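This document opens with one chain alone, in structure tokens, the form deposited in one PDB entry.
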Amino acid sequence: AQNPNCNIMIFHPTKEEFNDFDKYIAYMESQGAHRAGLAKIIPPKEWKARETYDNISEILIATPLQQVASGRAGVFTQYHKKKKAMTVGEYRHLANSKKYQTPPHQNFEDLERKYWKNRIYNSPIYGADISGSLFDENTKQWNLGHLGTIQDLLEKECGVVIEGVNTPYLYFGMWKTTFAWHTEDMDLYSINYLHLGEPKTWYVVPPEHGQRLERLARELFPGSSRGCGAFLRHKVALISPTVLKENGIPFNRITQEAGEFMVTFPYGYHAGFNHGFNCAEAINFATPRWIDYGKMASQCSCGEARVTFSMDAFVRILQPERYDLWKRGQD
């Protein structure tokens, strides 16, 4: 078996290899990339997402989210407090202000140390889940607004035609903005392009070991676990690399820089944080290998994990026994 230690792999496709998206994902998996839960893809030097980022300041962040932490430095939850709308230009200025800016640091590892030491004592503001794309319509390769849809994949594989759409989301981040431990909706793949700005550090658990992370989470967040059998779907729980190591949970880490893609694989738990002002674009996608993960995905029915209506068809077709209970939670 390829990549038996489940290391995060880094790929450098040629411009010829960058033409056929599906084919390259399949190639990465032939080399064992999926066993890590996360891969980095560095685009060919000839490629670009768009010409410049000089004219993005008028994009609106309708509902910026203030991420307020509770708990201890290495084990905490965060809740999202809604703030007043602001443009990306206003948000960038806020990110760079003395209150929110990245501190002096020696390197990525120094900044990582500072993040886990001090994150809970601040409440950074995030622009998340903003429907849109910053890819030029003329960018033909790895354009996250032009990918084959998950609905068409399900139809090609299983012959069922379903409603729903599949479009990208923008994320504007600042120092200490945080994404909690989670897998994707329906344990789908995701792909994330860092368009502009400071890095994003990722943590990931191999899919074959996801249940180990779930068991630790139940132990560390006991009230949440009693409330919901799939509470990581709520996307509010953080556990530090130090605490993961103390509990023998297998994981890896890597830092994504501007101009790089990351792919997360079905049932690969991931979490992370932003180093400073940045902008990323991400979308879910599927392959034939995903279908069995979609069938087995654990669902939240307690009401906290409200999601887009396009997930309805996924649960309805792949998980008909679970559908009634899940749908009640979406109401």
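Only residues modelled in both forms are compared. Throughout, we count residues from 1 along the sequence that is shown. Only the largest set of C-alpha atoms that superpose within 1.5 Å between the two forms is called the rigid core.
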46-54 set against 288-296, stretch whose average Cα temperature factor tops the other in the entry: 46-54
Taking the recorded C-alpha temperature factors, which stretch has the higher mean, 147-155 or 189-197? 147-155
Top Cα B factor in the deposited entry, candidates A258, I249, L134, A230: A230
Among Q78, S224, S123, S240, where is the Cα B factor highest in this entry? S224
By the record's CA B-factor, is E208 among the lowest, middle or highest third of residues in the chain? middle
Which third, lowest, middle or highest, does the C-alpha temperature factor of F179 belong to within its own chain? lowest
Please place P168 in the lowest, middle or highest third of its chain by C-alpha B factor as given in the entry. middle
Quick tally, chain-level thirds of C-alpha B-factors: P64 sits in the middle
Among modelled residues of the same chain, the CA temperature factor third for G37: lowest
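The form deposited with a partner chain bound is left out here; the points below concern that form.
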I need the one stretch from 254-262, 235-243, 216-224, 97-105 whose residues put non-hydrogen atoms within 4.5 angstroms of the partner chain in the entry with it bound. 235-243
Report the residue, out of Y115, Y126, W202, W142, that has at least one non-hydrogen atom within 4.5 angstroms of the partner chain in the entry with it bound. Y126
Does every residue of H80, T178 and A282 put a non-hydrogen atom within 4.5 angstroms of the partner chain in the entry with it bound? yes
In the entry with it bound, is there a heavy atom of the partner chain that lies within 4.5 Å of any heavy atom of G210, even though the partner is absent here? no
Does at least one non-hydrogen atom of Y171 fall within 4.5 angstroms of the partner chain in the entry with it bound? yes
Quick check on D110: any heavy atom within 4.5 Å of the partner chain in the entry with it bound? no
With the partner left out of view, is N122 within 4.5 angstroms of the partner chain in the entry with it bound by any non-hydrogen atom? no
Select from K45, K295, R289, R306 the only position whose Cα moves 2 Å or more between the shown form and the other one when the core is aligned. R306
Residue shift check between the shown form and the other one, rigid core fit, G248 Cα at least 2 Å: no
Fitting the rigid core first, would the Cα of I317 be found 2 Å or more away between the shown form and the other one? yes
After superposition on the rigid core, does the Cα atom of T178 shift by at least 2 Å between the shown form and the other one? no
Since the Cα-Cα distance for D185 and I317 shifts by 3 angstroms or more in the entry with it bound, is it a contraction (closer) or an expansion (farther)? farther
Work out whether the Cα atoms of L325 and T183 come closer together or move farther apart in the entry with it bound than they are in this form, the change being 3 angstroms or more. farther
Go ahead and list the segments of at least 3 residues in a row whose C-alphas all shift 2 Å or more between the shown form and the other one, with the rigid core as the reference fit. 149-165, 225-227, 306-331
